[PDB]
Structure formats: structure tokens, C-alpha cells
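Engineer:
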Amino acid sequence: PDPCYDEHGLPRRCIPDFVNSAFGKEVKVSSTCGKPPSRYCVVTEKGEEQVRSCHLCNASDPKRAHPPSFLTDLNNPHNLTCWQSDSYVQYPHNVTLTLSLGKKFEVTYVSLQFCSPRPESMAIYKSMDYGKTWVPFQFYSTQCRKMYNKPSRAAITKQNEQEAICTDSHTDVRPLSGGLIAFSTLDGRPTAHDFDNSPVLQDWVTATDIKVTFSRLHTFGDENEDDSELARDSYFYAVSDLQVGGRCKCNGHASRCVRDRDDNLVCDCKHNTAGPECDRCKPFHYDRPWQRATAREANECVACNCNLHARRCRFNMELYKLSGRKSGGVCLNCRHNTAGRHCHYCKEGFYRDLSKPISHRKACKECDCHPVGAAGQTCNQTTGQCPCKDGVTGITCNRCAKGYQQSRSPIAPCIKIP
Amino acid sequence: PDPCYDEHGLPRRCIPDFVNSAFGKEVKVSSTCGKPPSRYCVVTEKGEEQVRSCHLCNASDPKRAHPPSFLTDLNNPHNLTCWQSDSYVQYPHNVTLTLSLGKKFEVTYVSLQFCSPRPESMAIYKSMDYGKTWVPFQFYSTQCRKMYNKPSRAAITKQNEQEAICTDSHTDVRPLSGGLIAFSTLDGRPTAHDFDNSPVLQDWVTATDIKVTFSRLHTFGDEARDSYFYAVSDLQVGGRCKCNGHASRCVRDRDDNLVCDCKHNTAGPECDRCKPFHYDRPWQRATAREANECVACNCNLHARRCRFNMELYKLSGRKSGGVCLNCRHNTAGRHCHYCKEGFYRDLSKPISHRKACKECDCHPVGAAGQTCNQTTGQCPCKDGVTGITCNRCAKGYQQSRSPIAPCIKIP
Ligand SMILES: O=S(=O)(O)OC[C@H]1O[C@@](COS(=O)(=O)O)(O[C@H]2O[C@H](COS(=O)(=O)O)[C@@H](OS(=O)(=O)O)[C@H](OS(=O)(=O)O)[C@H]2OS(=O)(=O)O)[C@@H](OS(=O)(=O)O)[C@@H]1OS(=O)(=O)O
Ligand SMILES: *[C@@H]1O[C@H](CO)[C@@H](O[C@@H]2O[C@H](CO)[C@@H](O[C@@H]3O[C@H](CO)[C@@H](O)[C@H](O)[C@@H]3O)[C@H](O)[C@H]2NC(C)=O)[C@H](O)[C@H]1NC(C)=O
Ligand SMILES: *[C@@H]1O[C@H](CO)[C@@H](O[C@@H]2O[C@H](CO)[C@@H](O)[C@H](O)[C@H]2NC(C)=O)[C@H](O)[C@H]1NC(C)=O
Ligand SMILES: *[C@@H]1O[C@H](CO)[C@@H](O[C@@H]2O[C@H](CO)[C@@H](O)[C@H](O)[C@H]2NC(C)=O)[C@H](O)[C@H]1NC(C)=O
Ligand SMILES: *[C@@H]1O[C@H](CO)[C@@H](O[C@@H]2O[C@H](CO)[C@@H](O)[C@H](O)[C@H]2NC(C)=O)[C@H](O)[C@H]1NC(C)=O
Ligand SMILES: *[C@@H]1O[C@H](CO)[C@@H](O[C@@H]2O[C@H](CO)[C@@H](O)[C@H](O)[C@H]2NC(C)=O)[C@H](O)[C@H]1NC(C)=O
Ligand SMILES: *[C@@H]1O[C@H](CO)[C@@H](O[C@@H]2O[C@H](CO)[C@@H](O)[C@H](O)[C@H]2NC(C)=O)[C@H](O)[C@H]1NC(C)=O
Ligand SMILES: *[C@@H]1O[C@H](CO)[C@@H](O[C@@H]2O[C@H](CO)[C@@H](O)[C@H](O)[C@H]2NC(C)=O)[C@H](O)[C@H]1NC(C)=O
Ligand SMILES: *[C@@H]1O[C@H](CO)[C@@H](O[C@@H]2O[C@H](CO)[C@@H](O)[C@H](O)[C@H]2NC(C)=O)[C@H](O)[C@H]1NC(C)=O
Ligand SMILES: [Ca+2]
Ligand SMILES: [Ca+2]
Ligand SMILES: [Cl-]
Ligand code: NA
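Sequences listed follow chains A and B, in order.
The numbers in PDB author numbering rise by one with no breaks, and the one at position 330 of the first sequence is 369.
Just so we're aligned: the second sequence equals residues 40 to 262, 270 to 457 in PDB author numbering.
(1) Can you pull the DSSP bridge partners for residue 79 of chain B?
(2) Between residue 434 of chain A and chain B, is there a C-beta pair that is closer than 8 Å?
(3) Taking a cut of 9 Å between CB atoms, which residues from the stretch 355-369 of chain B lie near chain A?
(4) Can you name the residues that DSSP bridges to residue 179 of chain B?
(5) Taking Cβ-Cβ distances shorter than 8 Å, what residues in chain B pair up with residue 384 of chain A?
(6) So residue 349 of chain A contacts chain B; which residues on that side make the cut at Cβ distance below 8 Å?
(7) Can you determine whether any heavy atom of ligand 3 sits closer than 7 Å to the C-beta of residue 77 of chain A, and answer yes or no?
(8) Applying the criterion that 16 or more other CB atoms from any shown protein chain within 10 Å of the CB defines a buried residue, is residue 262 of chain B buried or exposed?
(9) At a Cβ threshold of 8 Å, is residue 397 of chain A touching chain B?
(10) Buried or exposed for residue 204 of chain B, going by 16 or more other Cβ atoms inside 10 Å?
(11) Using a C-beta to C-beta distance shorter than 7 Å, which residues of chain B count as neighbours of residue 457 of chain A?
(12) Under 8 Å, Cβ to Cβ, is there at least one residue of chain A near residue 327 of chain B?
(13) Could you pull out every unbroken beta strand (DSSP E) segment of at least 3 residues lying fully inside the stretch 324-404 of chain A, listed in chain order?
(14) Between A:293, A:366, A:411 and A:351, which lies nearest to residue 51 of chain A when the distance is taken from Cα to Cα?
(15) Over what stretch of residues does the beta strand (DSSP E) that includes residue 256 of chain A continue unbroken?
(16) For residue 231 of chain B, does the three-state DSSP call read helix, strand or coil?
(17) I need the straight-line Cα distance from residue 440 of chain A to residue 378 of chain B, nearest angstrom please.
(18) For residue 55 of chain A, which of A:289, A:330 and A:45 has the nearest alpha-carbon?
(19) Using a threshold of 7 Å, is the CB atom of residue 117 of chain A nearer than that to any non-hydrogen atom of ligand 4?
(20) To the nearest angstrom, how far is the alpha carbon of residue 123 of chain B from that of residue 301 of chain B?
(21) To the nearest angstrom, report how far apart residue 119 of chain A and residue 279 of chain A are at their CA atoms.
(22) From the DSSP output, in three-state form, read off residue 298 of chain A for me.
(23) Quick one: which unbroken alpha helix (DSSP H) runs of 4-plus residues sit fully inside the stretch 109-162 of chain A? Chain order, please.
(24) Go through its chain and collect everything with a Cβ distance to residue 367 of chain B's Cβ below 7 Å, but skip five positions before and after it.
(25) Residue 248 of chain B by DSSP, collapsed to three states: which one?
(26) Could you work out which residue in A:246, A:295 and A:180 is closest to residue 255 of chain A when comparing CA atoms only?
(27) Report buried or exposed for residue 303 of chain B, applying the criterion of at least 16 other Cβ atoms within 10 angstroms of its Cβ.
(28) Throw me the rounded Cβ distance for the residue 329 of chain A and residue 343 of chain A pair, which I believe falls under 8 Å.
(29) At a cut-off of 7 Å, would you count residue 267 of chain A as near ligand 13, judging by its Cβ distance to the nearest heavy atom?
(30) Report yes if the C-beta of residue 162 of chain A is less than 7 Å from at least one heavy atom of ligand 2; otherwise report no.
(31) Helix, strand or coil, according to DSSP, for residue 103 of chain B in the structure here?
(32) Pull up the CB-CB distance for residue 425 of chain B and residue 453 of chain B, whole angstroms please, since I reckon it's below 8 Å.
(33) In whole angstroms, what separates the C-alpha of residue 127 of chain A from that of residue 308 of chain A?
(34) Determine whether the Cβ of residue 54 of chain A lies closer than 8 Å to any Cβ atom of chain B.
(35) Which residue or residues does DSSP assign as beta-bridge partners of residue 173 of chain A?
(36) Does the stretch 93-107 of chain B come close enough to the stretch 432-447 of chain A that 3 or more CB-CB pairs lie under 8 Å?
In C-alpha cells:
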């Protein structure tokens, strides 16, 4: 059926599946070996000795070429997809990785599996928009204050839950190969248990781009020396899999994200909502403002009540809060000769045809006063009583009253009688 | 002071004095002795013999020149001033005397004094226009059928009271000097005792000019020295100036015309119509006990023109019938008594006041329409809005901003 609705047809909060938003995605890096072709040294241990090896990184040979595509391809522990940068991009220089998702995702984690020694200092940034503004998100480094000007392992308080935490944890050389770095956005967040009812954390987890900056790099004594190896050296960055798990952000009003008219990813919004993340909500559904989907309530925009007359409408906060936070939408351009907040009364020049229901389109008969016996041509919108002149009476003014006699005058049709 | 209104100022029927409309006025003649000066001859009597004479008539000598002026001048039984015609003007020749009065009188009598012997056949005509059409008014002759083709001494039917009658009374030669012929406009006339309620007779006596035609002259003697002429001492047409009972004097106009001092809110030459805006009741001739005045229209000081509808008058019980035209001052109705659509009666001012009808000052937010009640001025309020102009929220309703929904009900 539809996960956004129950078996009785009422709406319930729905959420897309959890996936790696980076699988198969293209990646943009500021470094990669191949142009020109160079060598790289890899130290592999065997019992106790080490003895480093040497290999060549061929830009053309698929069998010695490390393209950024290996970051988001199918990772296989028995046969890795290593991406290697250039040679000795040491501080202050830094290799940056930028991933564009083309859709607001609620990030749950960001993991980098390095087939070489993990970085001494890396930075993980996000983008709230679609690549214009970046925001700190996690930091790793042996000298937090010295390099990222962050205090080591800051205290996370409700006063500032979006703190970018720097840590000297996970920033160790060995394992010289296959080291992980996994950043969980909700770990240690004060209000992470009450996420649906914490907007600060919803903003904290939402992002459309992920930047990864590799600031410093681990080294040993081999740096100046003399045999520094001016053509390749063995210090470098290298990651075999880059994962960024999470969910497509739909504020709980979409079971799944689909492909746009222009191939862009967007929520298949339900509950009468619209917009890429089901933030706003469909036309004519503007009674009661838009809220996020919660486990307790579905909170879908409700349509305006216009007694089946007007089509457009529009939400009003004051009317909403002044009606007990129940109805705040007013109707627009009432058709069928009506008017008012809900198209509930007939406009001047017409009256309420009570014989027919207010929802009916003929619920507003015109005035139809009498050209001779009526003093005006604008009847009572409530009763349809035309203003009768002197001797004339009725609702349409087409007859004389008691003590008054009919006449052939257009001006004085009835006249009293003594 | 004015006889058209009593002490209380109530209008009572009034009439101009009874005068001789001929005195002074000039008569138009056709035959006057004097042209190539000739002579005549009057004849007297001595009991048996017919002693006659013969005198001269000059066209210049004051002491011998019988002019037409001698018909309407100061007349006295002594030193009598006589008009005379050229001698020998017997059948079928005519001697006419027209008199234009200038305005419609109600002729009462037509008198003639005859220095010569009275005529054998004479006729009195009149005009109710001004010399254009001339109708027969009385005939005098011995041979009526023969000459005027009128039945001698017929009867005045109520069906034809405007009938000229020929008669042989006053047609004798009896008085050679001083013959009187007088025509009473209402002799023989059936409804004469009810003149004041007899429109036929009122039309009959109305006349603007008068023509006396002399026809056959009495050859008296039977013996040349024929000398048979017409000679009238004084012509007296006595009557009142026709003002239909709404005037006490006739006076001279802004164009120098004899007309009526039309009172009783009437207008016109003979007070035959109502004055402007005094069209509430149909015009009638003043009666003794009635005075049928012209009554103005009550447009409560809001209209300049009035028009009369007889249908309205009759269904009104013969009361009013005047419909006002162009009700100004933002009013409408027969008598400009109610405020047209978009205005309302300000009952603080009086109906006659210019600002008796104010406008609709209906709040554009609190009102569902922009038309007052006209009687109350209240204007179509919407939902939780009260006030004549829909300017305030009601009880239990709270002000907002939204013009579509000004007031909203509280918890
Ligand atoms: O209807 S018109 O606009 O064409 O006016 C026609 C002429 O009437 C005058 C006065 O004429 S006068 O007798 O020679 O003094 O103005 C008057 O017209 C109407 C009422 O008379 S009506 O003929 O029944 O229409 C009034 O206007 S309204 O209230 O009906 O809207 C005038 O009042 S006002 O001047 O608008 O204040 C009324 O004049 S008043 O009330 O006596 O003061 C002439 O106007 S005038 O210039 O004051 O003399 C009109 O001729 S004109 O071309 O406007 O001059
Ligand atoms: C190495 O690390 C830094 C930060 O992690 C990466 O961002 C670079 O940082 C510097 C400032 O430290 C930026 O310099 C600025 O450039 C603009 C001109 O566009 C100028 O207006 C500023 O006054 C300032 O000088 C620098 O722009 C920024 N690098 C880029 C490409 O924007 C840096 O990218 C890392 N190195 C590499 C190769 O990625
Ligand atoms: C590995 O790299 C070498 C060169 O760095 C490639 O050998 C030749 O490279 C030149 C370009 O500089 C080409 O013009 C030749 O065609 C290459 N020789 C060939 C294709 O036989 C070498 O091709 C690369 N490995 C593979 C599989 O192509
Ligand atoms: C791991 O991948 C390598 C190569 O990607 C496999 O060795 C073969 O290498 C040649 C290169 O010319 C490829 O054409 C072959 O496709 C590779 N063999 C196979 C079965 O794919 C190596 O076998 C792979 N090891 C495992 C356990 O899958
Ligand atoms: C009849 O008509 C004229 C007007 O009177 C007379 O002419 C008069 O002739 C006398 C004789 O010389 C003159 O003295 C007068 O000048 C004329 N009269 C006037 C008034 O001017 C004519 O004679 C008259 N016949 C008689 C008898 O009076
Ligand atoms: C009639 O008016 C005339 C106007 O002149 C007058 O005629 C005079 O009559 C008397 C005798 O009656 C004579 O003595 C005179 O000669 C006439 N001439 C004048 C100049 O007076 C007179 O006033 C009146 N005549 C009569 C009879 O009353
Ligand atoms: C007799 O009076 C008759 C009419 O009563 C006169 O005849 C009319 O005279 C006027 C002249 O002003 C003409 O306009 C009319 O056309 C005449 N009537 C007809 C029917 O022709 C007449 O002048 C008098 N007759 C005589 C002989 O003197
Ligand atoms: C305009 O106001 C008058 C008077 O207020 C209306 O006439 C009556 O008003 C009372 C209330 O004031 C009502 O209860 C009656 O129903 C009204 N009619 C009668 C016969 O009493 C008048 O109807 C109002 N104008 C319009 C268009 O309804
Ligand atoms: C249309 O009809 C209704 C009922 O007659 C009018 O509303 C009432 O009008 C009277 C006026 O005397 C008030 O006393 C009542 O308080 C009104 N009812 C309510 C619930 O307030 C209405 O005014 C009429 N429309 C117009 C323009 O007069
Ligand atoms: Ca991989
Ligand atoms: Ca005289
Ligand atoms: Cl007749
Ligand atoms: Na080295």
C-alpha cells in the first residue's frame, strides 16, 4: 500500500529507507596520482622486518591507476578500491575531498577506510545550501588547539549542541593500513533521543555536500635526510571506501525520494505537502501552518474550507492563533457570487437562497427587485428583502399593503385610502 | 383689503367690476356721411302730417360731422352726439360696426340708442378669438326665415343653449328718435339661474370683439330726397372682464395688454390655468362657495418642477395629485421624501433640509456591502461586526487585521 498512510486510510509519519548516500556517487578531489606518472613506496611487514616496496601509479593503466571512483564503488575486503593522492602534500598544504549529493540528506555517519596510514589531522565539513557555504562538522588532530583552534573534546551542552568536536582519538598511525574513521552526528548529543522534537539536531544532521580536508600527514625521521626521495616518497593519503549513511530528508512526509522532471532527487511528498523536502505544502491546503512529521501526530497541511466555492486560499497566522490554533486560512476570489472568509455569505446585490444548501452554487440568487415598486435595487443579503416604497410590501415589492390601492403610475404605484 | 381673500386670508371667489367695455374704445365703421360731403334729411311729426327737414353733413366742420367717435364718448340726453351713415343703404347693402375689446369679456348686454329710426333687420355677432372667427349672437328682423334664415321666435333647448335667436321685437319704426335695442346675453337661456354652474352659458357670454350689422332700413312715408340713414347715439356693451373668478381687476401687461390681476395662485390671460408648481389640484373656475384655488406641490423643498396626474388625484380621494420632478438633494419619490440608494435619512435634520439625506459611510472592512438602509442608515455588517457603519467589533469577538475577517470569536 502506502507507508505514509495506515490501513484505515489516515496519515501516519513516513520515512525513506536508510542508504549510503555516496554509493556510486562521483567525487571531486584536489589531488590524485597519474598526471604525471610517479612512483610510491609502501612498507609491508612480515613477522618482524619491514622492507618497503616501490610501485608506479599509471594514469592510463587501469591496473595501476587510483581514480576517485574507488571511493564510492563497491568495496570488497578481498580486493580493495584504493584511491591515492600525490606525494608528500604536507602541512600546511591539504588534500580536500568534496562530495555533492544534490539533495538534503539527514546524515547519520561519515566513514573513511584508509588503506594507508590515517591522517594526522583531517577536517569534515558539510554544506547547508548546495555548495556555497560550508560548516565545521567534525575535527581530528593531535594538536586540536594548535591546528584547528578547537579545544580537545569539548563539552556538549543544550546551550550549543552543534559544537564541532575536535579529538585526538582515531588519529593514530598504526594500523598502517585499513584504518577507519567513523563520525556519528548524534553520538554524545544531549537531545539525540528526542530527535523528532529537537529542531537544532535536525538542522545539525541535514546537509547536501560533504568536504573532507586532510591538513597534516604522519611522518617519521624521513623528511629532510638526504635520500628524501625527490620523485615520490612514501608519505601520502589513501582511502579505499568513503561512506556517508543517512536518509533523504523529507520531514517524515515521504516514503521515498524519486527522480525529478530534470533527473534531480526529490521527495515523493505525501500528506498534502510539497517542496524538495516536503517543507511547504500543496496549494489550497493552507489552513493550519506546516509542522514536521512526528511519531505522535502526522501533521499534514489541511485544505481551506470555502463551502465548495473558491479554489485558492492562504494561511493567516493571527486568525490561526486567534482561533485556538485550529483554523487560520482564508479563501480568495470567491466565485459563484459569494464572498467572505469562507465564501459563506452572498456578496452585495445578491441574497442567500436558503432553499438550497450553502455548499450549492445557486445558494446566491440575485436580488430581482421590482423596477416600479422597489425604491432600491440592492436587496438584503440575509433575507433578500428588497427596499419597498410606501404602500408597497413583500420581498420583491410587487404588491400594495393594507389600506393602499394599486395604480398605473411608475412613481407612486400604491396610494392610501380614507 | 383684497376681496379675493377673506379676513383669515382664505381665498374666496372674486370678480372685476361691471363696466361698459365700449366707452372710449373706437368703433370700426363702413359707412360715414362726410366722404364727398353730401346731406341727409331727418323727419319728425306733427300728429298727422309728416313734417321733414334737410341738413348738411360735412367732413371737417366740427358742428356738422357725425363721426364714429360719437358712439363711445361721454353721452348725454342733451346735445346728443350721433353717428350717421351715408344716405340710402337699404337691402341688400350693409352697414357694419365692429368693436374690438382687446380681452375676453363676459358680455351681459349689447345696447344701442338710435337717433334715427330703429332698423328693420339688424344682427349682433361676436368673436371669441380676436376678429378671426365671428359667430352669431342675436338677430333682429321682421322676416327672419326670409333674411337670416333663422326660425323666428324659437325655443332655447338645454341641448342648444348657444343658439342665436331672431326676433321681431325692437324691430319696429315706432321711435324715430331714441330707439333702444338691447340684447340680453342670457334672456331665454334655460340654465341662466345657474350661470355660476353652467359652462355652456359661460362660453356663450365670453366674447372678445363685437360686430353690429345693419341690414334693412325702414322706408317710412311712400311719397330724390330719399334721406334714409342709420344713426346711433351711444353704443354700450356691458359686461365683466373674464377672469374665471380669480381676479378683481383687469390691468395692463408687461407688453401693454389688458389682462387679469390673476390671484388664487392662477396664471394666464383670463386666469384659465394654474401657476407653475401649483399643479397639485386641477384648475377649476371659482364658484360662489368653493373658490377652487390652485394648490402647490409638497416636494419638501427638494424639487423645482411639478406635474399633475389625474389618476393619482382620483385614487387620492380628490385630495392631491402633484408628482414632483427631478427630486434633487439626493432624494427621490413623488414628494422627494426618501433618500435614494446610497444615502440614508438623517432624522436629526428635517425632511426639507438640504442635508436630510446623508451618504453611506460604511466601513470597508467591517461591512459586506456599501449600501445603507436609507431609513436607518445601518449598513450590511458581516460576522462579528456591529454599528450603523459596521465600525466596531461585537461582544465576544476580537479585532484582527485581515480585511476579509475583521472580528473573530473569542475562546
Ligand atoms: O440642473 S443644472 O445643473 O443644469 O442647473 C440648471 C440651472 O439651474 C441653476 C439656478 O438657476 S436660476 O433659476 O437661474 O438661479 O442652479 C440650480 O440648479 C439645480 C436645481 O435646479 S434644477 O433646474 O431643478 O436642476 C441645483 O443643483 S442640484 O442640487 O439639483 O444638484 C442648483 O443648486 S447648486 O448651485 O448646485 O448649489 C440650483 O441653484 S441654487 O440651489 O438655487 O443655488 C443654475 O445654477 S447657478 O450657476 O447657481 O445659477 C443652473 O444653471 S448653471 O449652468 O449651473 O449655472
Ligand atoms: C588547505 O586548507 C584550507 C582550509 O582548510 C583550504 O581552504 C583554503 O583556505 C584559505 C584560507 O586559509 C583560503 O584563502 C582565501 O582565498 C580568498 C580568495 O578566493 C581570499 O579572498 C581570502 O582572503 C583568503 O586568502 C582559500 O581560498 C581556501 N582554498 C580554496 C580553493 O578556496 C585549502 O583549500 C586547502 N588546500 C587545498 C589545495 O585544498
Ligand atoms: C603505463 O605507463 C606507460 C607510460 O607512462 C605507458 O607506456 C606507453 O606510454 C605512452 C604515453 O607516454 C604511450 O604513447 C604508449 O602507447 C604506451 N605504450 C603502450 C600502450 O604499449 C603504458 O601504456 C601504461 N600502461 C598501459 C596498460 O597502457
Ligand atoms: C581481484 O581483482 C583482480 C584484478 O582486478 C583479479 O585478478 C585478475 O586481474 C585481471 C587483470 O588483467 C582481470 O582481468 C581479472 O578480471 C582478474 N580476475 C577476476 C576473477 O576478476 C582477482 O582475481 C580478484 N580477486 C578476487 C578474490 O576476486
Ligand atoms: C364741407 O367740407 C370742407 C371742410 O369744411 C369745406 O371747405 C371749407 O370751405 C370754406 C369756404 O372757403 C373755407 O372757409 C374753409 O377753409 C373750408 N372748411 C375747413 C374746416 O377748412 C366745405 O366748404 C364744407 N362745406 C360747408 C358748408 O361747410
Ligand atoms: C353742445 O356742445 C357744443 C360744442 O360747441 C356747443 O354748441 C353751442 O350751442 C349753443 C346753443 O345751444 C350756441 O349758442 C353756440 O353757438 C354753440 N357753439 C359754441 C362754441 O358753444 C354747446 O356747448 C352745446 N349745445 C347745446 C344745445 O347744449
Ligand atoms: C353684408 O354683410 C356681408 C356678410 O354678412 C358682407 O359680405 C362679406 O363682406 C366681406 C368684406 O369684408 C367679405 O370678406 C366677405 O367675403 C363677404 N361675404 C361673402 C359670403 O362673400 C357684405 O359686405 C355686406 N353686403 C353688402 C351688399 O354690403
Ligand atoms: C431597513 O430598516 C427598516 C426598519 O429597521 C426595515 O423594516 C423593518 O425593520 C425591523 C427591524 O428594525 C425588522 O424586524 C422588520 O422585519 C423590517 N420590516 C417590517 C415590515 O417590519 C427594512 O426592511 C430595512 N431594509 C432592508 C433591505 O431590509
Ligand atoms: C437584513 O435582515 C435582518 C433581519 O431583519 C437585519 O438584521 C437585523 O436588523 C435589525 C434592525 O432593526 C436589528 O435590530 C437586528 O439586531 C439585526 N439582526 C442581528 C442579528 O443583528 C439586517 O439589518 C437587514 N439588512 C439591512 C441592510 O438592514
Ligand atoms: Ca570502495
Ligand atoms: Ca354719444
Ligand atoms: Cl349652435
Ligand atoms: Na622517504
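All C-beta atoms in this analysis are idealised placements derived from N, C-alpha and C, irrespective of residue type, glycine included.
Structural biologist: If we stick to the structure as given:
(1) Paired residues: B:94.
(2) Between residue 434 of chain A and chain B, the shortest Cβ-Cβ separation is not below 8 Å.
(3) Per Cβ criterion, the list reads 355, 357, 358, 361, 362, 363, 365 and 369.
(4) Its beta-bridge partners are B:161 and B:206.
(5) Under a criterion of Cβ atoms nearer than 8 Å, the residues of chain B adjacent to residue 384 of chain A are, in order, 414 and 428.
(6) Result: empty, since nearest Cβ-Cβ is about 11 Å, beyond 8 Å.
(7) No, since every heavy atom of ligand 3 falls outside the 7 Å radius drawn around the Cβ of residue 77 of chain A.
(8) Its Cβ having fewer than 16 others within 10 Å, residue 262 of chain B is exposed.
(9) Interface with chain B (8 Å Cβ-Cβ cutoff): residue 397 of chain A is excluded.
(10) By the 10 Å Cβ count, residue 204 of chain B comes out buried.
(11) Near residue 457 of chain A (Cβ distances below 7 Å), the residues of chain B are 363.
(12) Not closer than 8 Å to any Cβ of chain A, the Cβ of residue 327 of chain B fails to qualify, so no.
(13) Secondary structure in the stretch 324-404 of chain A: the beta strand (DSSP E) runs of 3 residues or longer, each lying completely within the stretch, are 352-354, 368-370 and 389-391 in chain order.
(14) Closest in C-alpha terms to residue 51 of chain A, from the list A:293, A:366, A:411 and A:351, comes A:293.
(15) Element bounds for residue 256 of chain A: n/a, residue is neither H nor E.
(16) Helix at residue 231 of chain B.
(17) Computed Cα separation, rounded: 21 Å.
(18) Out of A:289, A:330 and A:45, A:289 has the C-alpha closest to the C-alpha of residue 55 of chain A.
(19) Yes; taking the cut-off as 7 Å, the Cβ of residue 117 of chain A has a heavy atom of ligand 4 nearer than that.
(20) Those two C-alpha atoms are separated by around 36 Å.
(21) Taking the straight line from one Cα to the other gives about 6 Å.
(22) Under the three-state reduction of DSSP, residue 298 of chain A is assigned to strand.
(23) DSSP runs (the alpha helix (DSSP H)) wholly in the stretch 109-162 of chain A: none.
(24) Hits under 7 Å: 326, 327, 354, 355, 356, 358 and 359.
(25) Collapsing the DSSP output to three states places residue 248 of chain B in a strand.
(26) By alpha-carbon distance to residue 255 of chain A, the top candidate from A:246, A:295 and A:180 is A:180.
(27) Flag for residue 303 of chain B reads exposed.
(28) The pair is not a contact, with the Cβ atoms about 14 Å apart (cut-off 8 Å).
(29) Checking every heavy atom of ligand 13 against the Cβ of residue 267 of chain A, one is found closer than 7 Å.
(30) Yes; taking the cut-off as 7 Å, the Cβ of residue 162 of chain A has a heavy atom of ligand 2 nearer than that.
(31) Of the three classes helix, strand and coil, the one that applies to residue 103 of chain B here is coil, per DSSP.
(32) Contact between residue 425 of chain B and residue 453 of chain B fails: their C-beta atoms lie close to 15 Å from each other, not under 8 Å.
(33) Going from the Cα of residue 127 of chain A to the Cα of residue 308 of chain A covers about 48 Å.
(34) No, residue 54 of chain A does not count as interfacial toward chain B.
(35) Answer by DSSP bridge pairing, in chain order: A:166.
(36) No contact exists between the stretch 432-447 of chain A and the stretch 93-107 of chain B.
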